[PDB]
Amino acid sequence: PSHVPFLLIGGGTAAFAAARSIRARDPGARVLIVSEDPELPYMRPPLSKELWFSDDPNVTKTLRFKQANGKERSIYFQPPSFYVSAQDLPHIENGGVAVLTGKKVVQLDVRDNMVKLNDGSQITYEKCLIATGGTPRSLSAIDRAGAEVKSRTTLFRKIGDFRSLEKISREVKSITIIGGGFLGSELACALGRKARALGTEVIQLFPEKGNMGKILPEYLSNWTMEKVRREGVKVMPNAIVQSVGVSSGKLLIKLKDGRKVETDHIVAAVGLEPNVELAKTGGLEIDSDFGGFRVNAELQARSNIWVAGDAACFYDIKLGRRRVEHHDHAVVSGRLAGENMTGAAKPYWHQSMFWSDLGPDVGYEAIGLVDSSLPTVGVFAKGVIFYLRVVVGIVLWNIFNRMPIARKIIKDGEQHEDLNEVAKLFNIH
């Protein structure tokens, strides 16, 4: 279309949450999502968890999974029928939400409230959301290596990466994951389960002393490393890749400490870069400290431009400036951006949580500023870890259905005299 009232750039979690939010407050709204991916809006978390533990061998085609509640669900937020076509968006009665797949916004003219797509077409808007997310980072060693190495290295992010790596796990005998964070540790447990039935190998190396060394205290990270290892993974901590090359057709990873790792495929899970290409042409400020588009407490960048999701560096009136890369944050902030695009003028207030599952025996939820650099106070019986600066972050270890309590402790900002007494709020005695 040549003009649309609401234009959401990017077709991910934040964009979909905004469309549902705009339509809820403006029942007649006409929302156009522009997505460079060929897929309709889908959620990522199942790509590294539930889709790898499915009993259906057609999961690669169906993209369905059983949730914690047991009910089966699709990875997509809505079926295609719930959307309208971009051709009909300006005419359909009571508007709707359209998605323009396979199209990338390459230029943003803030002055004329216009965008230019990769195919030359131009679209003007009245309100606009930037929800571009981010691109996976790559290691300098894989960049400085040959093309044979880059071709045998996976950057896990999209549905295509899940299908590509699932096929690889059924073809080669050894996969090495580089990265000890959420993505690396979850993929290790997933490939470990698959590797147990085939007798194959799954290696995970990272520079920290343990899994989630940057998130969890050392004692809990070390326990996590054992949980991952018991899933069939060969975990190699304190590993800094110096170089990577192909030797006799086999990948050879040379670590700075003299160790060498022979493997068939590499998976790089070493962080995320916010997609801020459009800041240049748009004259939009980016944040030098946290990266991403710099927006205020209401996720607003300019008069008619908001930013949500992984790419949004926002001002938390209580926690300070920050940028979050969590699924529930894209939902909360995407929903908030949609409301503010319809006049709500509301600041980011309801904190978003994140979670991770490392096998069937390890699952935790977290909220707020969770950083191993902050001083921690862990209370275990299952347990809870408090992060301090007043409680600013909480990690619930195998404790579920208690997130509102954690969200309330951080909100109230009390100076607790005994956190062991606070642990009773999570049923720890």
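One rule holds for the numbers: they count along the sequence shown, beginning at 1.
### Task
Say whether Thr60, which has coordinates in the shown structure, is without coordinates in a third or more of the other compared entries.
No; none of the other entries leave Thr60 out.
### Query
Among the other entries of this protein that model both neighbours of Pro41, is it absent from at least a third?
No: coordinates for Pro41 present in every compared entry.
### Message
With respect to the deposited sequence, is there a break between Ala381 and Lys382 in this entry, and if so is it 1 to 3, 4 to 9, or 10 or more residues, or none at all?
### Response
Gap between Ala381 and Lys382: 10 or more residues without coordinates.
### Message
Checking chain continuity here. Are there deposited residues lacking coordinates between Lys66 and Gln67, and if so is it 1 to 3, 4 to 9, or 10 or more (or none)?
### Response
According to the record, the chain runs unbroken from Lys66 to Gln67.
### Query
Which of the two stretches, 303-311 or 187-195, shows the higher mean Cα temperature factor in the record?
Looking at the recorded C-alpha B-factors, 187-195 comes out higher on average.
### Query
As stated in the PDB record, which stretch has the larger average Cα B-factor, 397-405 or 50-58?
The recorded data point to 50-58.
### Query
Based on the PDB record, which member of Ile317, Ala330, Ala337, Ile92 exhibits the highest Cα temperature factor?
Checking the PDB record, the top C-alpha B-factor among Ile317, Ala330, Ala337, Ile92 is at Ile92.
### Task
Using the entry's values, work out which of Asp289, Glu277, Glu126, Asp143 has the largest Cα B factor.
Going by the entry's C-alpha B-factors, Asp143 comes out highest.
#### Entry: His326 by Cα B-factor - lowest, middle or highest third of the modelled chain
Lowest third - that is where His326 ends up once the chain's C-alpha B-factors are sorted.
### Third of the chain's Cα B-factor distribution that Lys103 belongs to, per the entry
Middle third, going by the recorded CA B-factors of the chain.
### Message
Based on the deposited C-alpha B factors for this chain, I'd like to know if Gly258 is in the lowest, middle or highest third.
### Response
For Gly258, whose C-alpha B-factor we compare with every modelled residue in the chain, the answer is the middle third.
#### Entry: Where the record places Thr281 (Cα B-factor, split into thirds across the chain)
For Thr281, whose C-alpha B-factor we compare with every modelled residue in the chain, the answer is the lowest third.
### Task
Determine, from the deposited record, the chain-internal third of the Cα B-factor for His416: lowest, middle or highest.
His416: CA B-factor falls in the highest third of its chain.
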